[PDB]
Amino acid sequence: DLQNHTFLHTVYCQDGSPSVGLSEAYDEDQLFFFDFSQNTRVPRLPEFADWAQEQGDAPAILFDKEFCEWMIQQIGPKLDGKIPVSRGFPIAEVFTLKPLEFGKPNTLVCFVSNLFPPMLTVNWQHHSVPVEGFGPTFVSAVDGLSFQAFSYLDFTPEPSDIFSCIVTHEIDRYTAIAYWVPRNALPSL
């Protein structure tokens, strides 16, 4: 009679960059993603984890890390060339965080789905001009052994604004492109 919930601790690794990561996500929103340089859990935005990087369990993590890295290390070359490498082509779409009101401050969300393997770099362009975006790019692990990612661009909407989000899939420099234009703007009050 009580609704169920999923907290998934996903330990992953691969050939290339990055070599190792760890996303944990409650209900397909992640609260944490691990840092192996600093051996600490970095927070997403759940008011930035007051409980944070409780060191209460490095045995679990550090064990999965080394084993995962062994599978990439000692299993990689034995299988390399014998079975094909699993890969998807990433899908990008961009929509607005809040409803579109001309002249009113908003944000552009670039949602990247079907990311496998999880290696990517995302660029924003305003009228096809390279423009820096707010924050970093958040990669999250999702159910079924795939990954997604988010990026964000703050801006003020003009009737003429054309924006594009560009995903580079880091495995072979493949690109996905997603365009945005203002559509069905609500009346300015």
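Throughout, we count residues from 1 along the sequence that is shown.
Of the two segments, 45-53 and 118-126, the one listed with the higher mean B-factor is 45-53 (C-alpha atoms only). As the entry records it, the average C-alpha temperature factor is higher for 131-139, out of 144-152 and 131-139.
Split the chain's modelled residues into thirds by C-alpha temperature factor. Residue 25 is in the highest one. In this PDB entry, residue 113 carries a Cα temperature factor that places it within the lowest third of its chain's modelled residues. Among all modelled residues in its chain, residue 106 ranks in the middle third by Cα B-factor.
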